[PDB]
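Before any questions on how it binds or moves, here is one chain, the form deposited without ligand ADP, in structure tokens.
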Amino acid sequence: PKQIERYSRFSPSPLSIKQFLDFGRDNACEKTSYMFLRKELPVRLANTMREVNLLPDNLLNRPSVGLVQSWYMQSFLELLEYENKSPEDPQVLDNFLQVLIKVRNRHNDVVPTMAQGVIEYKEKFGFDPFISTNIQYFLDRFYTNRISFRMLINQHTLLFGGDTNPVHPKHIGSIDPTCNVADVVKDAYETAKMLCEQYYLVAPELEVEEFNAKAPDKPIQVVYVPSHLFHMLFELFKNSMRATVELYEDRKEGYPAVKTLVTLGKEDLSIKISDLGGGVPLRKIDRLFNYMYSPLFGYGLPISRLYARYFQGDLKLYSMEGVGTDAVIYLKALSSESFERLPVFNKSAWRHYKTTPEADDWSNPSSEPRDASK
């Protein structure tokens, strides 16, 4: 772990959608990409690994965590072999490509393997206050870095993997320069609908409105990675369909639609999914994104919000208890403003793992407050 210390001390290089796009469209030079990736991937893994060693020992101990850790170690070492292998040999270029595939595969089960880890740990050591927010901090960071490894590898393999007949030929690697939002909305809806109908024997209708303030009649389009957006929309539709269908399964009313507004402004692309599924009290909202309070692995909402924040977007929920809930995805309108947001290991990060519980800042009532009548 001397190599890990050193690489963990390196800072990630966040890339923008613009850069990915400009690189794949205009340039598409494998040398450049390899030289970038042979350094960037170990940097990213080492930053994450350093944080995994800061977990409480009771969590670090779980076989699942250990397995994840050795998978990363194994990837880091395999990548480190290229530090002094020259791009001028095209042979090296080819093997590196194979190594990328090899580590994408090896990392296929990371998300649920980690999930198993923290479940193991909770159902064996219990749910505590400060530790929870600590694991929260860690998982956001860990799953984001993981999304980003996958992004980088996919760009390289799609662009240089030499795929004879590629599924989406207008796409640039995994980036759609003219991603049509309503299409992804409809697709995500149809696939939630299918699962909802399978189990509940019924599902709400979708309604979609657009408002393009940029140019009012014209279909709303974004430069984006469709399957990220797909993923986000799918999770929200699944929730909205389940809430709606559960609320009306005993009512004579007839099921309300699940509505979508898509808007495009000078800087935000916004997508608001609205349902009348009865809503959620405010106190339960923040917990919807807390991994370890979590019919149809409940990491769906927190992960989706990680996809949104990953390119400087965000994902937010607002409910009215008694009526319904709005979920909004915000994306940057401009590819030039859509930078990767990456967890950087440094002293700031270290401090979060070493935070000992502190007195509350703000008052807390007694759980048996004095009876003011007597």
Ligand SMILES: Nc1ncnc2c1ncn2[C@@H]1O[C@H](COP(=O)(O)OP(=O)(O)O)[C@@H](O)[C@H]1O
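Each form is matched to the other, and the largest set of C-alpha atoms that superpose within 1.5 Å is called the rigid core. When you see a residue number, it is the position in the sequence shown, counting from 1.
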| query | finding |
| --- | --- |
| Outlying stretch relative to shown form, 298 to 306 versus 280 to 288 in 4 other deposited structures of this protein, C-alpha RMS (core) | 298 to 306 |
| RMS Cα shift after core superposition in 4 other deposited structures of this protein, winner of 125 to 133 and 238 to 246 | 125 to 133 |
| Unmodelled stretch of the deposited sequence separating residue 294 from residue 295, binned as none, 1 to 3, 4 to 9 or 10 or more | 10 or more |
| Missing residues, deposited sequence, between residue 296 and residue 297 (class: none, 1 to 3, 4 to 9, 10 or more) | 1 to 3 |
| 192 to 200 versus 80 to 88 - greater average Cα B-factor per the deposited record | 80 to 88 |
| Average Cα temperature factor in the PDB entry - higher stretch of 133 to 141, 163 to 171 | 163 to 171 |
| Residue selected from 326, 30, 340, 321 by maximal Cα B factor | 30 |
| Criterion, highest CA B-factor; candidates, 268, 94, 205, 275 | 94 |
| Cα B factor band for residue 224 (lowest, middle or highest third within the chain) | lowest |
| Chain-wide C-alpha B factor ranking for residue 314, given as lowest, middle or highest third | lowest |
| B-factor third for the C-alpha atom of residue 362 within its chain | lowest |
| For residue 335, the third of its chain into which the C-alpha B factor falls | lowest |
| Position of residue 282 among the chain's modelled residues by C-alpha B-factor, lowest, middle or highest third | lowest |
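Beyond the structure shown, there is the form deposited with ligand ADP bound, which is absent from this document and is the topic of what follows.
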| query | finding |
| --- | --- |
| Candidate from 300, 256, 226, 87 lying within 4.5 Å of ligand ADP in the deposited bound form - any heavy atom | 300 |
| Residue among 118, 99, 220, 243 with a heavy atom within 4.5 Å of ligand ADP in the deposited bound form | 243 |
| Complete contact of 275, 280 and 288 with ligand ADP in the deposited bound form (any heavy atom, 4.5 Å) | yes |
| Among 110 to 118, 261 to 269, 300 to 308, 191 to 199, the region lying within 4.5 Å of ligand ADP in the deposited bound form by heavy atom distance | 300 to 308 |
| Exercise: residue 338 in contact with ligand ADP in the deposited bound form, heavy atom 4.5 Å | no |
| Contact of residue 239 with ligand ADP in the deposited bound form (heavy atom, 4.5 Å) | yes |
| Contact label in the deposited bound form: residue 47 to ligand ADP, heavy atom within 4.5 Å | no |
